[PDB]
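Numbering (the entry's author numbering), first residue to last: 1 to 655, 660 to 670, 679 to 696.
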């Protein structure tokens with residue numbers, strides 16, 4: 001059940017988001033009820049209903065639109081429809097946009113009075129600082145002419161406009177001042193109206209904000225626009241003969257499941273390739289103590305997995321990387337852990353009623369023979385939890401605790417218990433003391449929003465330069481108060497639905513993009529982890545099977561504000577289907593490289609570095625008809641444009661910029685073709 005309660009009110013009458021109350025019956029057996037869907041998380045956990053009497057409740061603040069949602073009770077991933085809602089919305093999932101999932105339909109209707117669709121509220125997406133300037137945004141419908149911003153002393157025009165559905169988001173950028181006073185002027189039915197503190201009226205008051213309280217930064221952090229490189233460590237390379245494990249897979253092509261033997265030395269010996277490619281930040285697959293080649297079931301968050309090397313190999317790696325001005329981010333599983341984890345073994349020992357029990361989300365205490373059995377395999381100098389699968393009970397029954405898709409070896413932490421926060425904070429310090437520059441939080445969207453607020457706020461206070469990057473699948477505008485960055489699976493899905501599944505047109509795509517970009521602060525957008533591929537999805541080349549289109553997708557990834565990502569090997573044309581086939585050994589024989597793609601990507605990176613307007617840089621996007629995508633990025637005095645032909649059909653382009665940034669030199681673009689132009693070479 002859901003009820004639209006009304007709208008939030010800012011100032012003395014400015015209406016904001018719609019307050020929606022979510023209710024469900026609370027079955028007496030239920031331990032947890034998650035609100036899943038497109039405004040919380042599809043994997044359960046970001047938001048929980050809270051229990052009062054015989055029902056679960058929560059209030060959210062949402063924008064108009066149509067959304068899929070549901071309620072997941074405990075470990076039942078299948079049945080999530082809202083029992084009170086008869087209506088359904090089948091949403092294409094993020095990682096695999098071919099597959100639909102049918103959820104319940106929430107619709108929040110646009111208001112009748114177009115005057116009610118004018119919005120500017122005191123929140124970071126609407127007002128924030130960057131580069132010693134203030135960014136202000138006004139949402140208005142088309143029946144409103146281009147509104148002006150009335151500062152104290154002057155009147156300015158919107159510097160850009162972003163289409164979002166039938167709405168327009170006007171963006172004003174202004175110099176910074178001590179106190180800040182602004183309102184908006186527009187014409188409606190041939191009448192002169194204002195948007196001010198009490199809302200729309202003939203003479204609205206100024207909105208007043210002390211720059212002290214405007215969120216943002218002056219000079220961007222390293223992570224606010226950086227080039228990522230993800231390495232799945234097991235598959236990158238073997239540097240140390242004495243690091244190989246028992247029985248190694250075979251480079252057969254359908255990559256098998258298991259250990260190939262890649263280690264820290266292996267990466268370290270290919271620093272030269274990292275450098276030549278030009279990546280700035282390396283994101284590493286989990287390297288902690290574990291029982292699998294993938295290592296997403298960690299035993300001990302403070303020890304390097306034996307097959308990878310020693311703490312010393314690790315520090316050496318970090319050191320070389322830093323000496324080349326390359327940073328390192330480690331993958332960390334703050335959602336769940338291997339049952340061999342000391343805490344889980346103690347929780348089992350001590351039983352419920354123990355503070356140890358409360359570190360995890362146990363469901364219902366099972367029989368004692370079971371616990372003793374498990375304890376036989378999980379307590380020991382050696383972790384033998386894999387052997388659990390040799391037993392019938394473990395292959396047959398779901399875990400008696402919550403776990404990642406009910407997988408025995410992935411026991412979920414109790415995120416309602418602040419002790420678990422302390423645990424991961426302490427772990428964070430340990431690794432900061434090893435010189436790492438950031439964490440990528442595995443299954444971030446399954447971690448309760450309050451937990452992440454505790455963690456993120458504290459880390460950010462204590463270590464401002466520590467990147468907090470989350471694995472998140474839904475619209476990043478949901479999450480950016482809790483992370484520096486999100487792996488942008490949302491953007492990836494939009495690109496694929498425009499250019500592969502051909503399910504949306506160029507306008508809808510533009511709307512998808514601005515539905516993220518216009519609702520978050522510019523610095524947040526710049527930090528977004530913008531990837532075409534990852535260890536969780538098939539290789540992009542194998543999905544595109546089109547040289548020119550693939551190159552186009554990379555151009556797009558570098559043109560949109562964000563932190564462009566390269567999954568290891570994608571730069572040379574590594575192919576592969578779905579996991580595990582998407583983690584084939586890197587190819588070190590240059591005779592087997594797709595060199596055109598390689599040099600293409602290397603150039604896009606050189607531009608990213610040379611052109612501060614590509615890296616940092618305000619953003620405008622226009623559909624110039626005929627499937628001509630126009631993108632403009634600019635910062636301070638530096639200007640750069642991108643013309644992209646998003647179709648197979650050649651198109652004639654005409655026309660400030662007389663310098664080829666891509667080719668350097670100084679028309680008619682062919683299908684899938686593109687142009688990158690400045691008014692001269694980039695400088696600083």
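Don't be surprised by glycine CBs; every beta carbon is placed ideally from N, CA and C.
Give me the residue from the options with the minimum Cα distance to residue i.
| i | options | result |
| --- | --- | --- |
| residue 331 | 470, 495, 87 and 159 | 470 |
| residue 71 | 222, 48, 65 and 53 | 48 |
| residue 673 | 106, 3, 108 and 467 | The gap in the chain between 670 and 679 takes in residue 673, so it carries no coordinates here. |
| residue 161 | 590, 80, 511 and 474 | 511 |
| residue 132 | 351, 450 and 523 | 523 |
| residue 646 | 344, 549 and 390 | 549 |
| residue 169 | 117, 155 and 194 | 117 |
| residue 428 | 629, 329 and 398 | 329 |
| residue 500 | 478, 472 and 532 | 532 |
| residue 64 | 401, 36 and 105 | 105 |
| residue 658 | 473, 259, 482 and 433 | Missing from the coordinates: residue 658, inside the break in the chain from 655 to 660. |
| residue 263 | 256, 94 and 287 | 287 |
| residue 425 | 411, 410 and 441 | 441 |
| residue 449 | 463, 472, 430 and 461 | 472 |
| residue 259 | 558, 594 and 580 | 580 |
| residue 656 | 352, 185, 432 and 231 | Position 655 is followed directly by 660 in the chain, which means residue 656 is not present among the coordinates. |
| residue 324 | 228, 280 and 477 | 280 |
| residue 221 | 370, 43, 327 and 94 | 327 |
| residue 513 | 529, 503 and 495 | 495 |
Alpha helix (DSSP H) containing residue i: first to last residue?
| i | result |
| --- | --- |
| residue 634 | Not the alpha helix (DSSP H): residue 634 falls in the beta strand (DSSP E), residues 628 to 635. |
| residue 393 | 392 to 396 |
| residue 494 | 489 to 499 |
| residue 266 | 264 to 268 |
| residue 482 | It is not in any alpha helix (DSSP H) - residue 482 carries neither H nor E in the DSSP assignment. |
| residue 315 | 311 to 323 |
| residue 515 | 506 to 517 |
| residue 610 | 595 to 610 |
| residue 290 | Unbroken run through residue 290 is the beta strand (DSSP E), 288 to 290; no alpha helix (DSSP H). |
| residue 450 | 449 to 462 |
| residue 424 | 418 to 432 |
Under 8 Å by Cβ, that's how I've got residue i and residue j pegged, so tell me the actual separation to the nearest angstrom.
| i | j | result |
| --- | --- | --- |
| residue 612 | residue 641 | Not quite, the Cβ-Cβ distance comes to about 15 Å (not below 8 Å), so this is no contact. |
| residue 648 | residue 683 | 4 Å |
| residue 128 | residue 216 | 4 Å |
| residue 114 | residue 144 | 7 Å |
| residue 582 | residue 539 | 6 Å |
| residue 318 | residue 435 | 5 Å |
| residue 278 | residue 633 | The Cβ separation is near 19 Å, so there is no contact. |
| residue 679 | residue 604 | Their Cβ separation, rounded to whole angstroms, is 21 Å, which puts residue 679 and residue 604 out of contact at 8 Å. |
| residue 409 | residue 338 | 5 Å |
| residue 507 | residue 670 | Contact doesn't hold; Cβ gap of about 32 Å is too wide. |
So who's on the other strand from residue i, going by DSSP bridges?
| i | result |
| --- | --- |
| residue 564 | 530 |
| residue 468 | 439 |
| residue 522 | DSSP output for residue 522 lists no bridge partner at all. |
| residue 102 | 90 |
| residue 344 | For residue 344, which the question treats as bridged, DSSP gives no partner whatsoever. |
| residue 128 | 135 |
| residue 336 | 412 |
| residue 700 | Because the chain in this structure spans residues 1 to 696, residue 700 falls outside the shown range and cannot be described. |
| residue 281 | 228 and 327 |
Starting from residue i and walking both ways along the beta strand (DSSP E), at which residues does that stretch end?
| i | result |
| --- | --- |
| residue 119 | It is not in any beta strand (DSSP E) - residue 119 carries neither H nor E in the DSSP assignment. |
| residue 20 | 14 to 25 |
| residue 162 | 160 to 164 |
| residue 368 | Unbroken run through residue 368 is the alpha helix (DSSP H), 368 to 378; no beta strand (DSSP E). |
Let me know if residue i comes out buried or exposed under the rule of 16 or more other beta-carbons within 10 Å of its beta-carbon.
| i | result |
| --- | --- |
| residue 27 | exposed |
| residue 588 | exposed |
| residue 163 | buried |
| residue 639 | buried |
| residue 142 | exposed |
| residue 465 | exposed |
| residue 696 | exposed |
| residue 213 | exposed |
| residue 415 | buried |
| residue 521 | buried |
| residue 107 | exposed |
| residue 285 | buried |
| residue 402 | buried |
| residue 148 | buried |
| residue 235 | buried |
| residue 586 | buried |
| residue 467 | buried |
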